[PDB]
Amino acid sequence: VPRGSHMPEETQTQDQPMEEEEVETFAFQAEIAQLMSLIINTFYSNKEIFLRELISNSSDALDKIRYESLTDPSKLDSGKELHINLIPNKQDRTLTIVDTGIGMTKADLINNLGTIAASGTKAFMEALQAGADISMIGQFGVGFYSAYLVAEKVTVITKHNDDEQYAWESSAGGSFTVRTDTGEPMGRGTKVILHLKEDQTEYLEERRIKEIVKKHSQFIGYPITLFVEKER
Ligand SMILES: Nc1ncnc2c1ncn2[C@@H]1O[C@H](COP(=O)(O)CP(=O)(O)OP(=O)(O)O)[C@@H](O)[C@H]1O
Ligand SMILES: [Mg+2]
Ligand SMILES: [Mg+2]
């Protein structure tokens, strides 16, 4: 049956087989859940320090590449730059912190980002009760949860050399999920995606982001760059 030209629907290629992603749900350790509730539902004047804690974590993960090379030189063969990118998306109201540090395995996500008690958590909650500045979070070993000063939901996508790529996600409320992530491979590192609360959109503005990186994160020790989407 001769054809000289086909329409797009006709030559659309069949989909790749659908992938399964395994999902597991976990409760936050009790004091972690308590802290998150405190962080979310209390007014703090100096919420901007969230970005200091996430940059700090990225800088730690990047220093680990430098040091893991002493026990495993193969990391020296990576051509990836050691760096951080800050990516505001005003369309989606997200602020993403991307690094090319060592990343986390599945068990790292579960054990490091919620099910294990930090020994400073109770002390920190008491300090906050007695009126401490929220900036003190960074000294009590629970700085990641400062994301929820500004974010209603946090997704962390991560890939470590020793595991597959995973997504951790929580809207607080007492639990989080970890799921195998078969989507856009991110390569080694971690991306924290902050789904900002409606009153916190200043952290999508490039002037605001530059201001708080200069104020609080001037010794990262790696290049950080801010991607600014061109105004249409
Ligand atoms: N960008 C990232 N890359 C890799 N691991 C990360 C990460 N962000 C967070 N983590 C993991 O999450 C853990 C919890 O981080 P935080 O709540 O900041 C306490 P910490 O950073 O371990 O101590 P510190 O903040 O006192 O230096 C880290 O120890 C690390 O294992
Ligand atoms: Mg169709
Ligand atoms: Mg930290």
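Just the heavy atoms: all of them, side chains too, but no hydrogens, waters or symmetry mates, feed the values below. Residue numbers start at 1 and run along the sequence shown.
Side-chain atoms of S69 come within 3.5 Å of backbone atoms of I65 as a donor-acceptor pair (strictly under, hydrogens ignored). Side-chain atoms of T121 do not come within 3.5 Å of backbone N or O of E31 as any donor-acceptor pair. Not one N or O on the side chain of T25 forms a donor-acceptor pair closer than 3.5 Å with the backbone of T177. At distances below 3.5 Å, at least one donor-acceptor pair connects side-chain atoms of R188 with backbone N or O atoms of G101. Of the possible polar contacts, none joining the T42 side chain to the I39 backbone as a donor-acceptor pair under 3.5 Å is found. Of the possible donor and acceptor atoms, one in the side chain of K159 sits under 3.5 Å from a partner among the backbone N and O of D163. Between the side chain of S146 and the backbone N or O of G143, at least one donor-acceptor pair lies under 3.5 Å. In this structure a side-chain-to-backbone donor-acceptor pair under 3.5 Å is missing from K214 to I209. Side chain of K197 to main chain of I40: a donor-acceptor pair is present (N/O by atom type, distance under 3.5 Å, no hydrogens or angles). With hydrogens and angles ignored, the 3.5 Å screen pairs no side-chain donor or acceptor of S59 with any backbone N or O of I55.
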Inset, instruction - Determine, step by step, whether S74 and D72 satisfy the side-chain hydrogen bond (donor to acceptor under 3.5 Å, both in side chains) criterion, reporting the C-alpha distance in whole Å, the side-chain angles of both residues, the deciding distance to 0.1 Å, and the verdict. - result: CA-CA 6 Å; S74 72; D72 179 5; 2.7 Å; yes
Legend entry - Derivation of the side-chain contact (heavy atoms from CB on, under 4.5 Å) call for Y44 and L38: CA-CA 10 Å; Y44 300 101; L38 187 69; 3.6 Å; yes
Inset, instruction - Tell me, with the steps shown, if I49 and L51 meet side-chain contact (heavy atoms from CB on, under 4.5 Å). - result: CA-CA 5 Å; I49 56 85; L51 188 60; over 6 Å; no
Legend entry - Stepwise side-chain contact (heavy atoms from CB on, under 4.5 Å) test for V150 and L194: CA-CA 8 Å; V150 297; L194 303 180; 4.3 Å; yes
Inset, instruction - Walk me through it: do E81 and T100 pass the test side-chain contact (heavy atoms from CB on, under 4.5 Å)? - result: CA-CA 7 Å; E81 185 160 57; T100 46; 5.7 Å; no
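Ring geometry, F26 versus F176: the interplanar angle falls under 30°, so the pair is classed parallel (tilted spans 30 to 60°). Between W168 and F144, the ring-plane angle classifies as perpendicular under the 30° and 60° cut-offs.
Taking every heavy atom of both residues into account, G141 and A118 meet most closely at O-CB, 4.0 Å. Here the closest heavy-atom approach between residue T190 and residue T158 is recorded as OG1-OG1, 2.9 Å. Scanning both residues, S170 and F28, for their nearest heavy atoms gives OG-CE1, 3.5 Å. Nearest heavy-atom pair across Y145 and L113 is OH-C, 3.3 Å. Residue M136 comes nearest to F140 through the heavy atom pair O-CD1, 3.2 Å, listed as atom of the first residue, atom of the second, then distance. Contact detail for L226 and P88: the closest heavy-atom pair is CD1-CD, 3.7 Å.
In this structure, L196 CG and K153 NZ are separated by 12.0 Å, a value rounded to the nearest 0.5 Å. To the nearest 0.5 Å, atom CD1 of residue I84 and atom CG of residue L62 are 5.5 Å apart. Residue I32 holds its CD1 atom at 9.5 Å from OG1 of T115, rounded to the nearest 0.5 Å. A distance of 11.5 Å separates CG in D181 from CD in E164, rounded to the nearest 0.5 Å. Here the CD atom belonging to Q16 is positioned 7.0 Å from the OG1 atom belonging to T13, to the nearest 0.5 angstrom. Going from atom NE2 of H83 over to atom OG of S58 covers 11.0 Å, rounded to the nearest 0.5 Å.
Side-chain N/O atoms of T182 and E21 include a donor and acceptor closer than 3.5 Å. Side chains of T105 and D162: a donor-acceptor N/O pair is absent below 3.5 angstrom, by distance only. With no hydrogens or angles considered, a side-chain donor-acceptor pair links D63 and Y222 at under 3.5 Å. Between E169 and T155, the side chains place a donor N or O and an acceptor N or O closer than 3.5 Å (distance only, hydrogens not considered).
Residues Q200 and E152 fail the side-chain proximity criterion, which asks for heavy atoms closer than 4.5 Å. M104 has its side chain within reach of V156: a pair of non-hydrogen atoms, C-beta onward, lies under 4.5 Å apart. Side-chain contact between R3 and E10 is present, with heavy atoms from C-beta onward closer than 4.5 Å. A heavy-atom distance below 4.5 Å is found between the side chains of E48 and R208. Looking at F50 and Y148, their side chains never come closer than 4.5 Å, going by heavy atoms from C-beta outward. Side-chain atoms of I116 and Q29, non-hydrogen and from C-beta on, never get closer than 4.5 Å to each other. At least one side-chain heavy atom of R93 sits under 4.5 Å from a side-chain heavy atom of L204. Taking 4.5 Å as the limit, some side-chain heavy atom of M186 sits within range of a side-chain heavy atom of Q165.
Within the structure, every pair that satisfies the side-chain hydrogen bond (donor to acceptor under 3.5 Å, both in side chains) test and touches residues 127-142, not counting sequence neighbours, is listed here: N46-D133, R52-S135.
Under the rule for a salt bridge (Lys or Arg N to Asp or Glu O under 4.0 Å), the partners of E24 that lie at least two apart in sequence or sit in another chain are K106.
Clustering ILVMFWY residues whenever any of their side-chain heavy atoms sit less than 4.5 angstrom apart, transitively, puts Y203 in the very cluster that holds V228.
Considering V213, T96, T225 as possible partners of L86, the one that fulfils the side-chain contact (heavy atoms from CB on, under 4.5 Å) test is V213.
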